[PDB]
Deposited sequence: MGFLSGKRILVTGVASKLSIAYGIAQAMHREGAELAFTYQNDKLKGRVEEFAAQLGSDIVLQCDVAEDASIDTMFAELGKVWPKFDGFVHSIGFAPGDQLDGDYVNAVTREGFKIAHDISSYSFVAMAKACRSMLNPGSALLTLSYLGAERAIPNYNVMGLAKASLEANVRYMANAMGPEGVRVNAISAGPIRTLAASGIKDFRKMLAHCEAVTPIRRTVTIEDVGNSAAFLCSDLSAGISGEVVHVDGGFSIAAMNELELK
């Protein structure tokens, strides 16, 4: 497969419907060796089942709000993977009240803080901690959403976190690039669904399978000439207007 011999860490697998599940699925098909992290114990047994299926034994706990937690997970990972080739950032979050209604009235200092810390910072937080472990030719991937670029109703402060994150992807790529590391993002279509379906050129919303293959590609040597790019896997929805 095109990921044959790559050891990739996969974050964010919460369920079978998770974009991370669709992404691991594809990296696996393409011969990548996977490892997974889980936020808390609620999800341990589940993530362990998913990993077993995708052939890995590496299921490490990791809460991205704690620097120390991230450090710890990279120590355990290190016991089996002294060197690896990148990870998949598929973490995002904001307190619920934040995401409904008028942005200006919904947003709060604490809400803004959490949204940027979990959704934007965690990406560089992890990069920072596994930087010396990464093999040349490694690639880091994160997921963004059109809300970073356009004002979308209800997405509110999650839109700023994603803008921050897309900038993160350009600064990380410029910093890590020289040492053989590429970093990009995939702005996925919504996985309202009806409207998108009708107004999207391909006339259908993407699936974690569509996003999965783009993720696999981007993390593989096939995309070697690509770094710092936010690739839209939304079926073209953002390029059309007034359809």
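What the model leaves out of the deposited chain are the segments 1, 193-205, 258-262.
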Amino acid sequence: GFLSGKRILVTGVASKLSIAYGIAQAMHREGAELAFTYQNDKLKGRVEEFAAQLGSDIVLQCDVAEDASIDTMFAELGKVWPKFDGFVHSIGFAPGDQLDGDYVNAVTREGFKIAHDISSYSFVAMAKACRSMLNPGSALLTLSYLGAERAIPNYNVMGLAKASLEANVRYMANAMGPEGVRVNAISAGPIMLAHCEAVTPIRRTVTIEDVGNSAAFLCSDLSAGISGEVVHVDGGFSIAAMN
From here on, numbers count along this sequence of modelled residues.
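Looking at mean Cα B-factors across 112-120 and 93-101, the upper value is held by 93-101.
For the pair 10-18 and 231-239, the mean B factor over Cα atoms is greater in 10-18. Per the deposited coordinates, the residue with the largest Cα temperature factor out of 211, 175, 191, 185 is 191.
For the set 215, 51, 70, 181, the maximum C-alpha B-factor listed in the entry falls on 51. Among the modelled residues of its chain, residue 162 has a C-alpha B-factor that falls in the lowest third, as given in the PDB entry. Placement of the Cα temperature factor of residue 150 within the chain: lowest third of the modelled residues, per the deposited record. Looking at the C-alpha B-factors along this chain, the one for residue 139 belongs to the lowest third. Among the modelled residues of the chain, residue 170 sits in the lowest third by CA temperature factor in this PDB entry.
When all modelled residues of the chain are sorted by CA temperature factor, residue 128 is found within the middle third.
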